[PDB]
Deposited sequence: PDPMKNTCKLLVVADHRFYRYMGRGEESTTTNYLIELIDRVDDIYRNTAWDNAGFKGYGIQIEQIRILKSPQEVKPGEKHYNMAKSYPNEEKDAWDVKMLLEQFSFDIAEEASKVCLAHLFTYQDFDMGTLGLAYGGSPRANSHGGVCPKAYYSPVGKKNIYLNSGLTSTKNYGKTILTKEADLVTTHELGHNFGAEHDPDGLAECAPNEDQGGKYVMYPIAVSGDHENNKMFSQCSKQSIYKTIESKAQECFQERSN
């Protein structure tokens, strides 16, 4: 690994929802939560041997934390990821998660072109227990800004983004749970797809340590494998990490 290029710098954004409900309406409380979360998530990444050998030391660090203290005032018909109402159903507490990710990508496109990854932290109750979403490892996107011209948006947007909500079923999720969501979404950004039941090695039984972080069904984090990447995820991220490090990875600060 190139110690000069082993860290994916992040642009972390907290919308007014997160600021109010998670940060208690205080910058200090909001940034502290995020700084500590990314650090724990980083511990997972830095310590992972993508090649089960010496290809490790790769992780994430926050470059900028943007805090949107109040909803984004918009003109009728116009939408923004930080606006007060949910879209498309203003009656629901949350946006359709997919449309929200696209909107976030559209709105922070300018800032996203200057970073390895952009991650939105919000506080809205997504339907059917969904906690987050991200580009990369699908059916393109992920680490390092890749342009995509949006016909509807009339500009280039970048697919190096993801989001995490710390609210599910009417309550704030446990910090141990939030860590898992971000690790999983960032996992997608790093190229990992979900672990398939078809490969036991990548989706063990509860008596074998449980499932790994990229399993599609949320894992409380009370089982051993829960906060680790399976061999399937490792292989994917390993392939991705190589062709990408030189492109946008930087040197770890500290």
Checklist outcome for this item: Residues of the deposited chain that carry no C-alpha coordinates are 140-143
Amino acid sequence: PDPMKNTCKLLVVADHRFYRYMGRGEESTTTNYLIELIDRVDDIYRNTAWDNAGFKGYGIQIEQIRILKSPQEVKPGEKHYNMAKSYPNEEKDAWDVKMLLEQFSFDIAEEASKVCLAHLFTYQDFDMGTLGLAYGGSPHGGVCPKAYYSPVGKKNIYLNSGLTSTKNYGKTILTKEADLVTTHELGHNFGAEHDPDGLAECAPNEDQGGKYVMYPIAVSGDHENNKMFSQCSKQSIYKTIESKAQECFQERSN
From here on, numbers count along this sequence of modelled residues.
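We call the rigid core whatever largest set of C-alpha positions still superposes within 1.5 Å between the two forms.
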Item to check | Which of 213-221 and 55-63 strays further in 4 other deposited structures of this protein - Cα RMS after rigid core alignment | outcome: 213-221
Item to check | Third-or-more of other entries without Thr172 | outcome: no
Next on the checklist: As a check of understanding, is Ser138 unmodelled in at least a third of the other compared entries that model its flanking residues?
Outcome noted: yes
Checklist outcome for this item: Comparing mean C-alpha B factor in the record for 185-193 and 202-210, the higher one is 202-210
Next on the checklist: Going by the mean C-alpha B-factor recorded in the entry, which is higher: 240-248 or 15-23?
Outcome noted: 240-248
Next on the checklist: Among the choices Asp179, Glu91, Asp125, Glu102, identify the one whose CA B-factor in the record is greatest.
Outcome noted: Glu91
Checklist outcome for this item: Note to self: of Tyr87, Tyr169, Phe106, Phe121, the C-alpha temperature factor tops out at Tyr87
Next on the checklist: Taking only the Cα B-factors deposited for this chain, tell me whether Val219 sits in the lowest, middle or highest third.
Outcome noted: highest
Checklist entry - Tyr33's Cα B-factor: lowest, middle or highest third of the chain? => result lowest
Checklist entry - Lowest, middle or highest third: where is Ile62 by Cα B-factor in its chain? => result middle
Item to check | Third of the chain, ranked by Cα B-factor, where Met228 sits | outcome: middle
Checklist entry - Which third of the chain does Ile44 land in by C-alpha B-factor: lowest, middle or highest? => result lowest
